[PDB]
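Residue numbers (the working numbering), protein chains in the order written: chain W, 1 to 42; chain H, 43 to 773; chain Z, 774 to 933; chain R, 934 to 963; chain X, 964 to 1070; chain F, 1071 to 1207; chain U, 1208 to 1314; chain A, 1315 to 1406.
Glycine included, C-beta positions come from ideal geometry on N, C-alpha and C.
One structure is given here, and the rest of the page talks about it.
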Amino acid sequence: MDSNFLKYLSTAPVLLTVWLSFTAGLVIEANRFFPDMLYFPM
Amino acid sequence: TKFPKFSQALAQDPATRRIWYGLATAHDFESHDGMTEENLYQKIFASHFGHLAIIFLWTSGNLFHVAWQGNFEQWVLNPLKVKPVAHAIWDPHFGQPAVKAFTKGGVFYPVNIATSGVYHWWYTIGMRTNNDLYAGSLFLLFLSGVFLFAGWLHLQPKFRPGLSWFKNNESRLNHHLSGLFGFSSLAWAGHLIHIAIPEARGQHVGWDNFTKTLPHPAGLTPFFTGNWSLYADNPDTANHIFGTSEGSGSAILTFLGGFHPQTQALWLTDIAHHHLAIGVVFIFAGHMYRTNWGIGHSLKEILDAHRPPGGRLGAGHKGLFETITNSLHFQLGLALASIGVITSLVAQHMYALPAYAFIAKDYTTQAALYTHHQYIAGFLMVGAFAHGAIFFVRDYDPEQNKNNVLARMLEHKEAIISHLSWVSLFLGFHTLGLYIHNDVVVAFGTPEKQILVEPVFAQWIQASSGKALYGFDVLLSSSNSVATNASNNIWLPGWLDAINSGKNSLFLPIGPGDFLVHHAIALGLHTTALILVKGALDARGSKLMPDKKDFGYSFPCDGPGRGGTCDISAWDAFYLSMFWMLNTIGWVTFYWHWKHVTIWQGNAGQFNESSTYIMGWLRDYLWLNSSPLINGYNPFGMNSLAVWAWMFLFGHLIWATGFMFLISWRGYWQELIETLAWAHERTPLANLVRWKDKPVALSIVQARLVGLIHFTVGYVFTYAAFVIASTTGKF
Amino acid sequence: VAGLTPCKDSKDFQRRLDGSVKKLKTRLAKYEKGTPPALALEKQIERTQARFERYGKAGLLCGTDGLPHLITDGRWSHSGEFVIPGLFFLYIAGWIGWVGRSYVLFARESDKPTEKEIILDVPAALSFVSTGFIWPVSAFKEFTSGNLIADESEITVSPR
Amino acid sequence: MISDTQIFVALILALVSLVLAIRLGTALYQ
Amino acid sequence: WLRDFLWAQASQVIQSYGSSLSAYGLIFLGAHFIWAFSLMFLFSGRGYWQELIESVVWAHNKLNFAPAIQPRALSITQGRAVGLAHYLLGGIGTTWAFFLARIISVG
Amino acid sequence: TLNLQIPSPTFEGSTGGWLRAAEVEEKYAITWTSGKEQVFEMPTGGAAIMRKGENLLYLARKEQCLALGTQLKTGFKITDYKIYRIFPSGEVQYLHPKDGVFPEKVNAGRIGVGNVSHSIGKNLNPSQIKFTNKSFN
Amino acid sequence: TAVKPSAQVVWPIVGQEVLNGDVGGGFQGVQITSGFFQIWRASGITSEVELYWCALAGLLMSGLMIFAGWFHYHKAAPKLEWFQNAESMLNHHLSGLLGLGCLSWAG
Amino acid sequence: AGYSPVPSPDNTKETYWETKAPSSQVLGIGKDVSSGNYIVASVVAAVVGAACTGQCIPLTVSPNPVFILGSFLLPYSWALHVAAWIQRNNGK
Ligand code: CLA
Ligand code: CLA
Ligand code: CLA
Ligand code: CLA
Ligand code: CLA
Ligand SMILES: CC1=CCCC(C)(C)[C@H]1/C=C/C(C)=C/C=C/C(C)=C/C=C/C=C(C)/C=C/C=C(C)/C=C/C1=C(C)CCCC1(C)C
Ligand SMILES: CC1=C(C/C=C(\C)CCC[C@H](C)CCC[C@H](C)CCCC(C)C)C(=O)c2ccccc2C1=O
Ligand code: SF4
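Shown next as structure tokens:
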């Protein structure tokens, strides 16, 4: 891959969007498989 | 010109800015031309005399209008049924429908119904006839005259005080603690014993009767024998009809505690004992400081001596004596902060523990009083911080405050401001997040997913005071506790009866909605304090304008250099806090009013369930309760609430008008007024007339102030209407 | 029990469950059986019932409103309501902050720190992201070695 | 219940207070 | 206008929780939030926020770290632009939710 | 000195010109020589044609006069522009090229006004200059 | 006249499935207020197949437009003399673009 | 710098201290009292105040004036023992 394209992908907004999309997916899937968790189960 | 006689820089201005700034700088004596310290202090003294006269005249007018156009004599018979009228209405703009709509007092002329509670206050004091109120108004007119004469006299050459007199701290402190506070409260106890309690028991006692009427059958022998308990024997029965002798006792000083059953207010004997006790305490406190004799302390000695040997405070309180005595702004800030705290305390205690007969059943009066005193409290706190900033700008001497507590505050201002900012962000983030979480889940139809935190800490405090609703059994909820056993035979019976009945506002039951609104209040207080503290500490200088003390307290800006320096003054910090103070007091009063309205209608569950999300506040508090107000007048008629509806819209209007001055800034208006001046000069038959002051746009600081004033007036008038009209239309 | 009643045995909680299920069933009555809307509404009913049952067994307390309330005072019987959740937060947040600070210093000692802050060096960033899992001991080590707290005489401050 | 003579005494006291207020305003304006 | 149009017709959007218009209710509240949030940028100036940032940067420096890109408050023009953008978004979104909820409830 | 007979840059008129305050308080003037007939922008608004030779122009404000001078100096290459102030009494005074040389370059003869012998950090405090005649300098 | 137009469906994640209201026609989704259903009815569309072909045409035109932008910046960029043809551009817009567009739509 | 001199009461001395203990002018009329005297006073005051407080903890409607008066010795004992420490480290 072009190093210039890789630097563009390393630019701040691209990384922020990708990281926050990944985090949103993480939270969404956690809530999809373990929903309605108002508490830690103990 | 000679309008701003105290400033040639303004007298020589060829524009309308001279008039505006002469208005807005009339009372900044320190900045006036050729102002000496003696003249400053003496002018302040005379102005205080005038202000006291104004207050006396205001209260005299209240009494006079209630005596003349009031229904006090027919209100003292059935105070729970008759609405108290403030004053008559004479407006040549009223139609016959409006005159009829405002003749609700059974007086045969249009009237205003008082929301100040002066009726209940005076009835409790001992006023029964209109002649009593008229005599009070006459006396207060006489006192206004006396104080105006005193103010004039103390500006005379041989009566003008000196600065060695103005700066005498010890004698003023002694006299204010002993006589102004202590002996004054002792005299209030004397009044409550000689007039108020006999009047509450149906025995008239006045200037023609109080020298032959014994406040107690035993007279003063129990006092001059040490048998003081004889003044607590035989209190008023629980079946005492206030103002009549049925059920009355003979005790004059008691500590029954709780509320009188019929009046639902504190016992007048308890109030008299309270005032006597605090009177003797204050009299003792007023003997602490040294005066023309050898006994006493010196505040300078105490302040200098108080330095912790560990050195964690540096020089301790060295130099603060001179700082405070020579800075009127330091004293002003201290007084304003203390009075603000005390007026907030007055609001809180006056609702939880009513002192006037039947005031608790006057719902609109109680809400009006609480909102009034909370808004006054917030204004006073903002003023205290503003004058602290002004002191830092004007009266602070670093060399004098070499490494004492004040210089240390300035030293770690960055830590203070950053941590205040962090706590503000903490509270805001998480309170708003919990509210939004509740909103979204309830919107999606899953209210069981709400985060509802029980205010267990406040519930624990209530239980410690003796509330058995929550099961904690701590101190006074516990029957075997030392706290209970210590006071079981003095006040605890009555106090428990008061705390554990749901008929009063004493320690209202609280829940997760109360928790959330309390943390919103915490956010508001912390952010207002953030803005004010940052303004005060950066008033002398920041990294952007490191020479701010040179420019003063309320300069417009420093220009577009260095990135832009809009609102870089401590005055701007005040201007910005005032928005936040209004927000916070709005939150506080919204909370109070909604909780009390729901309790009054008996549907406290509505608050308990809807207070957890903002849609609940918007729908079940504002939208729900604005109906009678907005129906004050309508296409099908009008009622007495029409005035409050009109004032509601009035507040909205002025609020939005202030938005104009706050969003639109000067250059646009200046380039528009230029064209207007051109047009006037160029128009025939109107160029026969010319302005004597060049019409200019408003200044930057002036526009900020005008917008803030419009915003504040809209805020206050809108909420005053809403609260009074909704309370009066619901009950 | 603290000041409220267990939610597993509250008529208010049962009534709320009943109301939710009845709303879903009324919405379902207008859809043919086996159609996507019917299946979706049935799954919604199942999710509601599971949520209410799990809340009941969790040991959550419920007020007169019929909704679970949280006891965030420190009581170990209700740790899972605020404390353990909050410990997980603090762990994640300290991780984020520690790795971010490490990257700030790494970019500080570079040819173009500003270029490194706008166009990131994601290999080093992922390195720090990995390091962040022992942030408590690492941060305390920094503090005690004196690499965390700067001296008062080395931080810019405005004039008094 | 409040007679016109009473209202007139009140007005006279108000006028005296107004005179004193004008005096104080002058002395303060100086 | 206040009673027979705004108060009267806002019932549909304020009573949308638990329905398919609950999104309209939530957007009503969020648009109110953004509209109010604009006033922070519109009623304010740059000096205050630059000084607050100075204090926050002191806090960051006390921990031996701070961005190489020095944090600055928004330019005066940018502060005005942000205030206007949030004002317009909040107002138009409030009207959006109000209109759509009302008309989809009564038609 | 100012010669009131110099022609003007054949302006077509505008509503941005001077007003009664010019006849009552102060009226500024600017004179400059142009090598040809160019089109310049009036500081009040609009276009004007400067003449070949000397041109005299009347304005209400010194800032307008100096903005016109800056335009001439930068856009064109005219730097012989002189600014005067005229009172109703006929007290025409000379302001720009005050000493005949523009202020941006040092010239022998000027006296420093408003110069201070320290940095801004050495200014006194208002508490130190309160109830006194001292200056914060 | 009985089923509410809807062309958006939400996923059932956090209870947002409530937004899939009973629009009608055995379908539950988000009611739409853009008028696309009526546009299609006027256009004579009576199937989802025709709408799929419409979407395909839109995608192909989007690709053509992006390719044209790249080509006319990086491969064949017209000159200022080409751009400054007001008479020709107005002739072509008026006649070709507008006239032929409304002629094709009339057909 | 133009502020008028601040008036202070007569016989106002300098009490500021950076030593281990204040100068014993802080104790005023009791500046010449012995440290042993302060110790004994503090112990006696503490005992008497505690006893008179215990005799009044379940306060009745007719408390004893002497017990009320003596209960104020417990707060007094604190100042007495502070004075004892001050007077021990100032040479006495
Ligand atoms: C008793 C307490 C007290 C005292 C003695 C003073 C004294 C002073 N303050 Mg003030 N101040 C106070 C409380 C007090 N303040 C409070 C509570 C606040 C917080 C709101 C402030 C906030 C404050 C600021 C921010 C400043 C002062 C300043 C001053 C000084 C100049 C006053 C001036 O400019 O007059 C002003 C003269 C006026 C006539 C006021 C006009 C505006 C008022 C608010 C009226 C608006 C209401 C409107 C008329 C109502 C319309 C009704 C509607 C129905 C139509 C002076 C030493 C100024 C100063 O010199 O600082 C160095 C200054 O900058 N004060
Ligand atoms: C509703 C309006 C509003 C809001 C939300 C805020 C928010 C804030 N003000 Mg306030 N302010 C307001 C109106 C408002 N202000 C007005 C009208 C004025 C008068 C001019 C001021 C004047 C003012 C001053 C002078 C100061 C503040 C401060 C603060 C902070 C207080 C602490 C706090 O709550 O942090 C919590 C933060 C929030 C509640 C806002 C977060 C918003 C969302 C929920 C965060 C998530 C964003 C999201 C992911 C973005 C997605 C969108 C994207 C795709 C475009 C915070 C940033 C103080 C400050 O900065 O202290 C640190 C401060 O000094 N304000
Ligand atoms: C409700 C809020 C409000 C109000 C009242 C106004 C009022 C005005 N704006 Mg606007 N403005 C607002 C908000 C508001 N603005 C906001 C938030 C902004 C910021 C974006 C602006 C920004 C702005 C700009 C940039 C401009 C205006 C302009 C105007 C003027 C329009 C024409 C005019 O004079 O009408 C007159 C009518 C009124 C003012 C309505 C109220 C008057 C009532 C009906 C009569 C009451 C008189 C009464 C008898 C007085 C008795 C006094 C005493 C006896 C009690 C006017 C002064 C424009 C302007 O001035 O052009 C001419 C203009 O250029 N405004
Ligand atoms: C799903 C739930 C949730 C969500 C969405 C958030 C969201 C947020 N929290 Mg968190 N929080 C939660 C649950 C949640 N919290 C819970 C349950 C708790 C109780 C333990 C907290 C306690 C908490 C704290 C104490 C703070 C936040 C803060 C924040 C905000 C900034 C966090 C950040 O920048 O991290 C990225 C990390 C960093 C920038 C590093 C520095 C800050 C972290 C938090 C330090 C952690 C380690 C440190 C040693 C902890 C000392 C704490 C002590 C002083 C009390 C953010 C809006 C911060 C805030 O509002 O600041 C204004 C903040 O300081 N939260
Ligand atoms: C970003 C802004 C924006 C957005 C999001 C929308 C969104 C919408 N528009 Mg559009 N619209 C906009 C700006 C926007 N419009 C502007 C600026 C105009 C004025 C030119 C129009 C004119 C317009 C019309 C006339 C119609 C829509 C319709 C619609 C809706 C259906 C979308 C569609 O495919 O229609 C497809 C559009 C059509 C089938 C009608 C096309 C007819 C016009 C006259 C063609 C003009 C083309 C020509 C090249 C434009 C330049 C003219 C100039 C040289 C004089 C939708 C809500 C339609 C609607 O409401 O349907 C219910 C509709 O009939 N819009
Ligand atoms: C007694 C009692 C009864 C029930 C149980 C309880 C535990 C509550 C117990 C104890 C209660 C106690 C200790 C209550 C505490 C209350 C306190 C400390 C209240 C204090 C509030 C402080 C306030 C406003 C401060 C405002 C400060 C301001 C403007 C400062 C302005 C200033 C600035 C900015 C610059 C310098 C000059 C100046 C004027 C100082
Ligand atoms: C609050 C405020 C600030 C402080 C606000 C700042 C510095 C904004 C910085 C916010 C961060 C960096 C944006 C990223 C975080 C947001 C939550 C994400 C949304 C923003 C993007 C969509 C662009 C100013 O600097 C300012 C300047 C001039 C007039 C008014 C104001 C003003 O009101
Ligand atoms: S905008 Fe007005 S205030 Fe802000 S800098 Fe420019 S001039 Fe000063």
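With the criterion set as a beta carbon lying under 7 Å from some beta carbon of chain W, the members of the stretch 893–920 of chain Z are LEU893 and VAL895, in sequence order.
Per the C-alpha coordinates, the member of X:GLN975, X:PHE1062, X:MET1003 and X:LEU1063 positioned closest to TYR1050 of chain X is X:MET1003. Proximity annotation: ligand 5 has residues U:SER1241, U:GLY1242, U:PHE1243, U:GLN1245, U:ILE1246, U:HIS1300, U:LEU1304, U:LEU1305 and U:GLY1308 in chain order, each selected because its CB is closer than 7 Å to a heavy atom of the ligand.
Judged by DSSP in its simplified three-state form, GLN1401 of chain A adopts helix. Shortest Cα-Cα distance from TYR412 of chain H to any of H:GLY628, H:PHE297, H:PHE433 and H:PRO588 involves H:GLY628.
In this structure, the beta-carbon distance from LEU175 of chain H to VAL108 of chain H falls below 8 Å. In this structure, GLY1010 of chain X sits away from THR78 of chain H, with a CB-CB distance that is not shorter than 8 Å. DSSP places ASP515 of chain H outside any alpha helix (DSSP H), giving it a letter other than H or E.
The Cβ atoms of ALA307 of chain H and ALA231 of chain H do not sit closer than 8 Å to each other. From the beta-carbon of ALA1315 of chain A, the residues of chain F found nearer than 7 Å are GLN1198 and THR1202.
Residue pairing of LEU1383 of chain A in beta bridges, as defined by DSSP: absent, with no partner found.
Taking a 10 Å sphere around the C-beta of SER918 of chain Z, we find fewer than 16 other C-beta atoms and assign the residue as exposed. Beta bridge pairing from DSSP links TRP1102 of chain F with F:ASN1125. Separation of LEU834 of chain Z and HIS851 of chain Z (C-alpha to C-alpha, rounded to the nearest whole angstrom) is 10 Å. For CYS608 of chain H, the beta-bridge partners assigned by DSSP are H:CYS599. Along the stretch 254–310 of chain H, the alpha helix (DSSP H) occurs as fully enclosed runs of 4 or more residues at 263–266, listed in sequence order. For ligand 2, a non-hydrogen atom lies closer than 7 Å to the CB of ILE573 of chain H. The C-alpha of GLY583 of chain H is placed about 39 Å away from the C-alpha of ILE478 of chain H. Within a 10 Å sphere around the beta-carbon of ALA1249 of chain U sit fewer than 16 other beta-carbons, which makes this residue exposed. For the pair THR1329 of chain A and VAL1340 of chain A, the CB atoms are nearer than the 8 Å cut-off.
Interface annotation, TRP1392 of chain A: not in contact with chain H, CB-CB separation never under 8 Å. For ligand 2, no non-hydrogen atom lies closer than 7 Å to the CB of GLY1054 of chain X. Relative to ligand 3, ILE705 of chain H has its C-beta within less than 7 Å of a heavy atom. Using a Cβ-Cβ distance cut-off of 8 Å, the stretch 439–459 of chain H and the stretch 562–582 of chain H are in contact, since at least three pairs of beta carbons, one from each stretch, lie closer than that value. Under the 8 Å Cβ criterion, the stretch 1213–1230 of chain U counts as touching the stretch 484–493 of chain H, having at least three qualifying pairs.
In the DSSP assignment, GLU1133 of chain F falls within the alpha helix (DSSP H) that extends over 1132–1144. Counting along the chain, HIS129 of chain H sits inside the beta strand (DSSP E) bounded by residues 127–130.
Inclusion of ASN1177 of chain F and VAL1183 of chain F in the CB contact set at 8 Å is not warranted, their separation being larger than that value.
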